[PDB]
Structure formats: C-alpha cells, structure tokens
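Next comes input-v9.pdb, with PDB, C-alpha atoms and all ligand atoms.
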ATOM      1  CA  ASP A   1      58.170  20.324 -22.353
ATOM      2  CA  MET A   2      55.921  22.452 -20.150
ATOM      3  CA  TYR A   3      54.673  21.659 -16.624
ATOM      4  CA  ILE A   4      52.472  23.493 -14.066
ATOM      5  CA  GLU A   5      53.102  24.189 -10.285
ATOM      6  CA  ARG A   6      50.387  25.515  -7.910
ATOM      7  CA  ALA A   7      51.196  29.113  -6.691
ATOM      8  CA  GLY A   8      48.151  30.117  -4.562
ATOM      9  CA  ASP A   9      44.401  30.387  -3.974
ATOM     10  CA  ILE A  10      42.484  33.004  -6.003
ATOM     11  CA  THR A  11      41.327  35.450  -3.239
ATOM     12  CA  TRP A  12      40.566  39.199  -2.955
ATOM     13  CA  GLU A  13      43.022  40.516  -0.265
ATOM     14  CA  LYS A  14      41.821  43.512   1.881
ATOM     15  CA  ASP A  15      44.554  46.221   2.182
ATOM     16  CA  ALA A  16      46.829  45.039  -0.831
ATOM     17  CA  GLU A  17      49.463  47.480  -2.443
ATOM     18  CA  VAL A  18      47.284  49.948  -4.434
ATOM     19  CA  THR A  19      49.074  51.247  -7.592
ATOM     20  CA  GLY A  20      48.777  51.799 -11.395
ATOM     21  CA  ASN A  21      47.014  54.554 -13.392
ATOM     22  CA  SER A  22      43.804  54.217 -15.579
ATOM     23  CA  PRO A  23      44.757  55.299 -19.143
ATOM     24  CA  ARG A  24      42.113  55.544 -21.949
ATOM     25  CA  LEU A  25      43.900  54.302 -25.166
ATOM     26  CA  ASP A  26      42.748  53.922 -28.848
ATOM     27  CA  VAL A  27      43.925  50.435 -29.878
ATOM     28  CA  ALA A  28      43.597  48.038 -32.872
ATOM     29  CA  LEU A  29      43.679  44.217 -32.568
ATOM     30  CA  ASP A  30      45.198  42.367 -35.586
ATOM     31  CA  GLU A  31      44.500  38.806 -36.764
ATOM     32  CA  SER A  32      47.698  37.593 -34.894
ATOM     33  CA  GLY A  33      46.152  38.838 -31.557
ATOM     34  CA  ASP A  34      48.640  41.810 -31.243
ATOM     35  CA  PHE A  35      47.184  45.088 -29.889
ATOM     36  CA  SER A  36      48.639  48.319 -31.385
ATOM     37  CA  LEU A  37      48.155  52.049 -30.583
ATOM     38  CA  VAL A  38      45.961  54.029 -33.044
ATOM     39  CA  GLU A  39      46.610  57.836 -32.963
TER
ATOM     40  CA  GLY B   1      47.774  15.554 -11.796
ATOM     41  CA  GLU B   2      46.912  18.361  -9.279
ATOM     42  CA  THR B   3      43.344  19.583 -10.145
ATOM     43  CA  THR B   4      42.653  21.804  -7.067
ATOM     44  CA  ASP B   5      41.251  25.239  -8.077
ATOM     45  CA  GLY B   6      43.839  28.069  -7.909
ATOM     46  CA  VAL B   7      46.658  29.886  -9.730
ATOM     47  CA  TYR B   8      49.613  27.966 -11.219
ATOM     48  CA  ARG B   9      52.975  28.727 -12.768
ATOM     49  CA  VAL B  10      53.738  27.469 -16.312
ATOM     50  CA  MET B  11      57.383  26.282 -16.489
ATOM     51  CA  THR B  12      59.786  24.818 -19.115
ATOM     52  CA  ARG B  13      63.207  23.007 -18.917
ATOM     53  CA  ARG B  14      63.928  23.505 -22.709
ATOM     54  CA  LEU B  15      66.073  26.577 -21.755
ATOM     55  CA  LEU B  16      68.714  27.220 -18.986
ATOM     56  CA  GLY B  17      67.492  25.750 -15.628
ATOM     57  CA  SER B  18      63.674  25.841 -15.059
ATOM     58  CA  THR B  19      62.207  29.007 -16.702
ATOM     59  CA  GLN B  20      58.696  30.430 -15.977
ATOM     60  CA  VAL B  21      57.038  31.173 -19.371
ATOM     61  CA  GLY B  22      53.717  32.264 -17.735
ATOM     62  CA  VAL B  23      50.754  31.564 -15.348
ATOM     63  CA  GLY B  24      47.188  30.178 -15.466
ATOM     64  CA  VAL B  25      43.942  29.449 -13.651
ATOM     65  CA  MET B  26      42.610  26.034 -12.607
ATOM     66  CA  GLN B  27      38.789  26.188 -12.215
ATOM     67  CA  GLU B  28      36.217  23.354 -12.367
ATOM     68  CA  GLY B  29      38.962  20.923 -13.616
ATOM     69  CA  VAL B  30      39.886  23.209 -16.613
ATOM     70  CA  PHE B  31      43.282  24.973 -16.951
ATOM     71  CA  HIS B  32      43.041  28.522 -18.416
ATOM     72  CA  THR B  33      46.033  30.483 -19.834
ATOM     73  CA  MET B  34      47.073  32.793 -22.702
ATOM     74  CA  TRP B  35      47.847  31.300 -26.150
ATOM     75  CA  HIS B  36      51.269  33.092 -26.351
ATOM     76  CA  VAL B  37      52.423  31.202 -23.118
ATOM     77  CA  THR B  38      51.943  27.551 -24.344
ATOM     78  CA  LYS B  39      51.402  28.117 -28.127
ATOM     79  CA  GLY B  40      48.764  25.323 -27.688
ATOM     80  CA  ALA B  41      51.329  22.655 -26.477
ATOM     81  CA  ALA B  42      50.369  19.907 -23.984
ATOM     82  CA  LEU B  43      51.250  20.412 -20.273
ATOM     83  CA  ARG B  44      52.400  18.059 -17.528
ATOM     84  CA  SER B  45      50.884  18.178 -13.989
ATOM     85  CA  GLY B  46      53.007  15.688 -11.943
ATOM     86  CA  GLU B  47      52.767  12.473 -14.037
ATOM     87  CA  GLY B  48      49.384  13.653 -15.510
ATOM     88  CA  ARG B  49      49.006  15.164 -19.030
ATOM     89  CA  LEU B  50      46.785  18.208 -19.790
ATOM     90  CA  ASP B  51      45.622  18.331 -23.451
ATOM     91  CA  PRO B  52      44.436  21.542 -25.158
ATOM     92  CA  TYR B  53      40.618  21.610 -25.597
ATOM     93  CA  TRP B  54      39.885  25.128 -27.002
ATOM     94  CA  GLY B  55      42.093  27.984 -28.265
ATOM     95  CA  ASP B  56      42.064  31.181 -30.330
ATOM     96  CA  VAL B  57      45.243  33.098 -31.364
ATOM     97  CA  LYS B  58      43.208  36.328 -31.851
ATOM     98  CA  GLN B  59      41.652  36.277 -28.323
ATOM     99  CA  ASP B  60      45.152  34.978 -27.170
ATOM    100  CA  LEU B  61      43.372  32.366 -24.857
ATOM    101  CA  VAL B  62      43.540  28.529 -24.477
ATOM    102  CA  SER B  63      41.760  26.007 -22.152
ATOM    103  CA  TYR B  64      42.993  22.495 -21.154
ATOM    104  CA  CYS B  65      40.868  19.405 -20.219
ATOM    105  CA  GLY B  66      37.529  21.212 -21.038
ATOM    106  CA  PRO B  67      35.793  24.342 -22.370
ATOM    107  CA  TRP B  68      36.580  27.898 -21.057
ATOM    108  CA  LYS B  69      34.799  28.231 -17.593
ATOM    109  CA  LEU B  70      35.568  31.912 -16.565
ATOM    110  CA  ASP B  71      32.652  34.258 -17.362
ATOM    111  CA  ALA B  72      32.856  37.168 -14.870
ATOM    112  CA  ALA B  73      33.225  40.708 -16.322
ATOM    113  CA  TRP B  74      34.789  43.998 -15.087
ATOM    114  CA  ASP B  75      31.831  46.164 -13.870
ATOM    115  CA  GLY B  76      33.381  49.258 -15.659
ATOM    116  CA  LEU B  77      33.587  51.171 -12.279
ATOM    117  CA  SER B  78      35.312  49.298  -9.389
ATOM    118  CA  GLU B  79      39.022  48.696  -8.613
ATOM    119  CA  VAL B  80      40.306  45.121  -9.369
ATOM    120  CA  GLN B  81      43.275  43.053  -8.197
ATOM    121  CA  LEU B  82      46.007  41.528 -10.415
ATOM    122  CA  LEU B  83      47.087  38.342  -8.653
ATOM    123  CA  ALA B  84      50.641  38.733 -10.047
ATOM    124  CA  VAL B  85      52.704  35.508  -9.968
ATOM    125  CA  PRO B  86      56.153  36.787 -11.175
ATOM    126  CA  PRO B  87      59.064  34.433 -12.036
ATOM    127  CA  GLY B  88      60.810  33.209  -8.823
ATOM    128  CA  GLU B  89      58.591  35.452  -6.559
ATOM    129  CA  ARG B  90      55.544  34.700  -4.343
ATOM    130  CA  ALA B  91      51.984  35.330  -5.630
ATOM    131  CA  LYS B  92      51.165  39.009  -4.713
ATOM    132  CA  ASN B  93      47.806  40.918  -5.023
ATOM    133  CA  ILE B  94      48.080  44.409  -6.599
ATOM    134  CA  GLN B  95      44.906  46.538  -6.509
ATOM    135  CA  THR B  96      44.247  49.023  -9.397
ATOM    136  CA  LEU B  97      41.484  50.933 -11.257
ATOM    137  CA  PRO B  98      41.497  49.698 -14.875
ATOM    138  CA  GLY B  99      41.697  52.116 -17.792
ATOM    139  CA  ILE B 100      40.025  51.405 -21.188
ATOM    140  CA  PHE B 101      41.196  50.058 -24.563
ATOM    141  CA  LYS B 102      38.892  51.760 -27.172
ATOM    142  CA  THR B 103      38.609  49.522 -30.316
ATOM    143  CA  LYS B 104      36.369  49.573 -33.421
ATOM    144  CA  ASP B 105      34.559  46.476 -31.897
ATOM    145  CA  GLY B 106      34.136  47.899 -28.371
ATOM    146  CA  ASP B 107      35.779  49.062 -25.121
ATOM    147  CA  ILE B 108      37.914  46.616 -23.008
ATOM    148  CA  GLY B 109      39.257  47.089 -19.415
ATOM    149  CA  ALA B 110      43.066  47.600 -19.257
ATOM    150  CA  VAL B 111      45.584  47.360 -16.344
ATOM    151  CA  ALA B 112      48.732  49.585 -16.266
ATOM    152  CA  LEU B 113      51.041  47.344 -14.165
ATOM    153  CA  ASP B 114      54.570  46.407 -15.364
ATOM    154  CA  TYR B 115      55.743  42.790 -14.750
ATOM    155  CA  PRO B 116      58.171  40.441 -16.558
ATOM    156  CA  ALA B 117      56.680  38.630 -19.617
ATOM    157  CA  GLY B 118      56.763  35.337 -17.624
ATOM    158  CA  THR B 119      53.831  36.863 -15.531
ATOM    159  CA  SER B 120      51.506  36.440 -18.634
ATOM    160  CA  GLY B 121      48.233  34.571 -17.615
ATOM    161  CA  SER B 122      48.032  35.940 -14.081
ATOM    162  CA  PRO B 123      44.308  36.389 -13.222
ATOM    163  CA  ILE B 124      42.543  39.732 -12.665
ATOM    164  CA  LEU B 125      39.922  39.457  -9.840
ATOM    165  CA  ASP B 126      36.742  41.351  -8.790
ATOM    166  CA  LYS B 127      35.800  42.033  -5.136
ATOM    167  CA  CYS B 128      34.020  38.609  -4.870
ATOM    168  CA  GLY B 129      37.306  36.861  -5.942
ATOM    169  CA  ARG B 130      35.872  35.980  -9.439
ATOM    170  CA  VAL B 131      38.375  35.854 -12.371
ATOM    171  CA  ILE B 132      37.302  38.664 -14.778
ATOM    172  CA  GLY B 133      40.235  37.909 -17.215
ATOM    173  CA  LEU B 134      43.970  37.276 -17.663
ATOM    174  CA  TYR B 135      46.892  39.752 -17.705
ATOM    175  CA  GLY B 136      49.645  39.699 -20.385
ATOM    176  CA  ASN B 137      48.074  40.752 -23.772
ATOM    177  CA  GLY B 138      48.363  44.529 -24.471
ATOM    178  CA  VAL B 139      50.577  47.413 -25.631
ATOM    179  CA  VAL B 140      53.799  49.397 -24.828
ATOM    180  CA  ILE B 141      52.826  53.087 -24.272
ATOM    181  CA  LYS B 142      54.474  56.527 -24.911
ATOM    182  CA  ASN B 143      56.258  56.072 -21.501
ATOM    183  CA  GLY B 144      57.806  52.635 -22.378
ATOM    184  CA  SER B 145      55.683  50.741 -19.741
ATOM    185  CA  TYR B 146      53.185  47.868 -20.538
ATOM    186  CA  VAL B 147      49.358  48.225 -20.389
ATOM    187  CA  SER B 148      47.522  44.817 -20.524
ATOM    188  CA  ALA B 149      43.926  44.213 -21.666
ATOM    189  CA  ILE B 150      41.701  42.378 -19.193
ATOM    190  CA  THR B 151      41.359  39.406 -21.641
ATOM    191  CA  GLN B 152      38.185  37.248 -20.834
ATOM    192  CA  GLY B 153      36.882  34.250 -22.886
ATOM    193  CA  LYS B 154      33.227  33.199 -23.349
ATOM    194  CA  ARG B 155      31.568  30.217 -21.500
ATOM    195  CA  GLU B 156      29.296  28.079 -23.843
TER
HETATM  196  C1  LIG C 201      59.959  43.068 -22.436
HETATM  197  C2  LIG C 201      58.506  42.991 -22.839
HETATM  198  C3  LIG C 201      57.550  42.447 -21.989
HETATM  199  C4  LIG C 201      56.213  42.367 -22.393
HETATM  200  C5  LIG C 201      55.148  41.806 -21.501
HETATM  201  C6  LIG C 201      54.945  42.383 -20.243
HETATM  202  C7  LIG C 201      53.957  41.933 -19.389
HETATM  203  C8  LIG C 201      53.132  40.901 -19.774
HETATM  204  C9  LIG C 201      53.292  40.320 -21.016
HETATM  205  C10 LIG C 201      54.287  40.761 -21.896
HETATM  206  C11 LIG C 201      54.390  40.049 -23.219
HETATM  207  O1  LIG C 201      55.466  39.639 -23.628
HETATM  208  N1  LIG C 201      53.234  39.877 -23.924
HETATM  209  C12 LIG C 201      53.137  39.197 -25.154
HETATM  210  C13 LIG C 201      52.005  39.118 -25.974
HETATM  211  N2  LIG C 201      52.233  38.406 -27.066
HETATM  212  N3  LIG C 201      53.539  38.004 -26.963
HETATM  213  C14 LIG C 201      54.123  37.179 -28.019
HETATM  214  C15 LIG C 201      54.117  38.459 -25.824
HETATM  215  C16 LIG C 201      55.920  42.889 -23.652
HETATM  216  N4  LIG C 201      56.827  43.420 -24.489
HETATM  217  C17 LIG C 201      58.060  43.460 -24.073
HETATM  218  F1  LIG C 201      58.950  43.996 -24.932
END
What would you get if you wrote out this structure as structure tokens?
Amino acid sequence: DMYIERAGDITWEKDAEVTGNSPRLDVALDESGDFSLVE
Amino acid sequence: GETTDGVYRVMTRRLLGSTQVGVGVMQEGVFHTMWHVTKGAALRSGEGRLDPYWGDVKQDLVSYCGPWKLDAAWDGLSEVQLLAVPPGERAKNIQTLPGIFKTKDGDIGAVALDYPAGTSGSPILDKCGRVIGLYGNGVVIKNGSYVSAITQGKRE
C-alpha cells in the first residue's frame, strides 16, 4: 500500500553538477510502453 | 493529505522495510508520476487518499486527483536539469544536454543519466523551473547504461 513523502521544491539550481552525454538513438515504442533500440 | 506543490517520493511497506518504488510531481493539487511506479494503484498522503484520475500504459504516465497539468516542452537546444530523488538520498539537481530518441512518430528528448529504478518519476526541468517531463522510461544502450526519454503528457 503506497504512500507519498515530500522531498523538495522544484527549482532550477545555478552551478549544479553538469554531466551526461547527448546520444541520438533510433527507438521503437511498443503497445506495453517499452522503448527498444532499432538498428 | 499534503497538497503543497513540489517533488515527492513514492514508497511501499509491502516489501522489506520501507522501499522507494519511485517519485512524482505535485502541481495545482494533481499528483503526476509514471504508470510503471504505481501500476494505477491508489496512494496515501498522511491519512488522505489520492485516487487515479487519468493514465496510459503506452505513454507510461498517470495523474491523481485531477487531469495532467504539466505542459512545458524541451526547447530542443538548451541544457535541462534532472531533479533526481534517489532512494534514501537527498533530492539533487543534475544538469545535462538531452540527446534524441528518433521514432517513426517523431523525435523525443532523452537524458543519459544512470540512477536506481526507484528514481523513476523524477522531474526534468527547464531554466524557468517548469517540468518538461518525467525521467524513468527509456532504453539500456550498447554501454549497459540507461537513457531515459523526457516523457511529457498533454494538458486538456
Ligand atoms: C536495473 C535496471 C534499471 C532500470 C531503470 C533505471 C532508471 C530509471 C528507470 C529504470 C526502470 O526500471 N524503468 C522501467 C520502465 N518500465 N519498467 C517496468 C521499468 C532499467 N532497467 C534495469 F535493468
């Protein structure tokens, strides 16, 4: 039985850890809402 | 229940201790999360109940207490922030330039940041602090990492 707990305000934060790349990927979305890689 | 705007953890006691199954957004009195977090089940906020209002397994989205309210979109250019709320750890902003999911029905923003599955439903923000979608529905890549769509609903 599921419950919620507040964790923060939704705010842009100047000078936050900057990370992650920007990949362009061919994907398919199935009726179950699962993405998959096309090639 | 607590109805203040912000980001919330989604918890269960149906497993060992209290386990974080995901995250969501409270905005204008509506709770927003991903379908795969709740599977459309009701939620408790204190002694208050939140009932599902709208959901779609294909979009992997669900709203509680009202219709989907979040309508901002990735510009296609600017960096964004994942407000990651990982299990047992403080909310943390992570700033990143989205890549692109190319599909037969159009291009979607994607974020290449690796977090535990219990982070599903964390909001992705633009520079004005607007929620442009939710993190936690995507794909495992050549490298073994996770790349999440920026999943946004529609506001009617
Ligand atoms: C170990 C592991 C983690 C994840 C994962 C990582 C980050 C955010 C979300 C997920 C996630 O579970 N998504 C998701 C979509 N639909 N279902 C049912 C589940 C994905 N795959 C894995 F193997």
For residue 22 of chain A: contacts at 6 Å, only C-alpha atoms, fewer than 6 positions along chain excluded, given as a ChimeraX atom specification
/B:97-99
Limited to C-alpha atoms, could you put the picked residues into a file as a compact mmCIF listing (two decimals), in the coordinates of the input?
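Ended up saving to part_16.txt:
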# COMPACT_ATOMS: atom_id res chain seq x y z
CA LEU B 97 41.48 50.93 -11.26
CA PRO B 98 41.50 49.70 -14.88
CA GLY B 99 41.70 52.12 -17.79
Please write the residues picked by the PyMOL selection byres (((chain B and resi 12-25) around 6) and not hetatm) on this file as a short mmCIF file (atom, residue, chain, number, x, y, z; two decimals) with C-alpha atoms, keeping the file's coordinate frame.
data_model
loop_
_atom_site.label_atom_id
_atom_site.label_comp_id
_atom_site.auth_asym_id
_atom_site.auth_seq_id
_atom_site.Cartn_x
_atom_site.Cartn_y
_atom_site.Cartn_z
CA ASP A 1 58.17 20.32 -22.35
CA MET A 2 55.92 22.45 -20.15
CA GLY B 6 43.84 28.07 -7.91
CA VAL B 7 46.66 29.89 -9.73
CA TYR B 8 49.61 27.97 -11.22
CA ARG B 9 52.98 28.73 -12.77
CA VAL B 10 53.74 27.47 -16.31
CA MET B 11 57.38 26.28 -16.49
CA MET B 26 42.61 26.03 -12.61
CA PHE B 31 43.28 24.97 -16.95
CA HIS B 32 43.04 28.52 -18.42
CA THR B 33 46.03 30.48 -19.83
CA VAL B 37 52.42 31.20 -23.12
CA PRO B 87 59.06 34.43 -12.04
CA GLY B 118 56.76 35.34 -17.62
CA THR B 119 53.83 36.86 -15.53
CA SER B 120 51.51 36.44 -18.63
CA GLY B 121 48.23 34.57 -17.61
CA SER B 122 48.03 35.94 -14.08
#
Find the residues of chain A that sit at most 12 Å from ligand LIG 201 (chain C); for each, write down the nearest two atoms and how far apart they are in Å, to one decimal. Count only C-alpha atoms and all ligand atoms. Sort by chain, then by number going up, and give it as a tab-separated table.
residue	atom	partner	partner_atom	distance
A:29	CA	C:LIG201	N2	11.7
A:30	CA	C:LIG201	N2	11.7
A:32	CA	C:LIG201	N2	9.1
A:33	CA	C:LIG201	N2	7.6
A:34	CA	C:LIG201	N2	6.5
A:35	CA	C:LIG201	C13	8.6
A:36	CA	C:LIG201	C13	11.2
Just how far from atom CA of residue 77 of chain B is atom CA of residue 11 of chain A, in Å to one decimal?
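Value for the atom CA of residue 11 of chain A-atom CA of residue 77 of chain B distance: 19.7 Å.
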What is the atom CA of residue 10 of chain A-atom CA of residue 61 of chain B distance in Å, reported with one decimal?
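Those two atoms sit 18.9 Å apart.
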Pick out the chain B residues within 8 Å of chain A. Count all atoms listed in the file. Give them as a ChimeraX atom specification.
/B:5-14,38,41-46,57-60,81,83,85,90-91,93-104,110-113,125-129,137-139,141
Enter the distance from atom CA of residue 130 of chain B to atom CA of residue 69 of chain B, in Å, rounded to one decimal.
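According to the coordinates, atom CA of residue 130 of chain B and atom CA of residue 69 of chain B are separated by 11.3 Å.
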Find the residues with any atom within 9 Å of (56.3, 48.2, -17.4); use all atoms listed in the file and the coordinates as given in the file, and write the answer as an MDAnalysis selection string.
chainID B and resid 112:116 140 143:147
